[PDB]
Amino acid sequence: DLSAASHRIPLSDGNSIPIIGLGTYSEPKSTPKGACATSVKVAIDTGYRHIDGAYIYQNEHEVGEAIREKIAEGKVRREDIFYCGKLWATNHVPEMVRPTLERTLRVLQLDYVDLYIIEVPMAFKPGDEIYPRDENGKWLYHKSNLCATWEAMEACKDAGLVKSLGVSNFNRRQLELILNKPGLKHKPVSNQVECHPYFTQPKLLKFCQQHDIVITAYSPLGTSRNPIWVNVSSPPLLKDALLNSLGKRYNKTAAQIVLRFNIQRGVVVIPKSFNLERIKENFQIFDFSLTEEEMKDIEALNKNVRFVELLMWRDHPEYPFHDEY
């Protein structure tokens, strides 16, 4: 079915999405300039045709540089590459949506993005700080209006600036808000959420499948485990006994097992690596398949514990993780 050369899966709007992509978030202060560009180039050389980025990752210009270089040399055409960008919390006022997308297009120096998603359902105070905090370290929120923000997203697709629209970190209630919107023109085609064997998203996945929404698994390898924002209560995913045991069977790493697990169930995976060897490693997931019993045993590792909890924002009205799913 899925192969290195052909692994795009249908989106509900008639477009398609490569089932593996390269994630591109990297801690700004601890990442060498140019590392993102180099990695995107290597990924495309390797066979990746999907890149996940965001303006607030501070390296979207590197992503564009790499994609454009690969198009220029004839490695790919624009239509062969799938780029996903994201609308951050401080940019949710409807009037800001299109100008925010336009900034990202200018930064990439591209005519359109393949997928543009609401990055979190929470709105923060508009301004120059992506993380609005006052003197008392307090977070400066803003009142969310998801349906209104969505209408502004819809207009962006109408203008030809983006092929597909989606969301990220949305729970069932927030999804329904958009799906049940009076006059809905473009339904969300994708919800990007934390997903891996320690947090398998059983209910949210079923709900999304009901509405023909594809799940994209962010932190599909269990995160970089940066204590600053990652919940390190759970042991390292890639050190899991079962995942490693199954790895021996296929002569694959635990990483390869966990990526195969999600793509085999129709979940898009966007592992980040800026390492030459690991970029290649993560892509070698089309030359084996897991048995049904193996799939069952992997799913059974589910802990219902998130590596990405975002506790700082539990008090925002649109915090997505209070609900069961």
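Rigid core here is just the name for the largest C-alpha set that superposes within 1.5 Å across the two forms. Residue numbers here begin at 1 and follow the sequence given.
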_Greatest C-alpha divergence in 4 other deposited structures of this protein once each structure is fitted on the rigid core, 228-236 or 77-85_ = 228-236
*Looking at C-alpha RMS in 4 other deposited structures of this protein with the core superposed, is it 118-126 or 134-142 that drifts more?*
134-142
*Hey, which bit's got the bigger mean C-alpha B factor in the entry, 174-182 or 195-203?*
174-182
*State which stretch shows the higher mean Cα B factor in the entry: 59-67 or 33-41.*
33-41
*Among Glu27, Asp52, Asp297, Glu277, single out the one with the highest C-alpha B factor in the record, please.*
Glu27
*Which one, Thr104, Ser190, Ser224, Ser144, has the peak C-alpha temperature factor per the PDB entry?*
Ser144
*asked:* By the recorded C-alpha temperature factor, relative to the other modelled residues in its chain, which third is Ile17 in?
replied: lowest
_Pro10 by Cα B-factor - lowest, middle or highest third of the modelled chain_ = highest
_Sorting by Cα B-factor within the chain, modelled residues only, which third would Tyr48 end up in: lowest, middle or highest?_
lowest
*Compared with the other modelled residues in the chain, in which third is the CA B-factor of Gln210?*
highest
*Sort the modelled residues of this chain by their C-alpha B factor and say whether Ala241 lands in the lowest, middle or highest third.*
highest
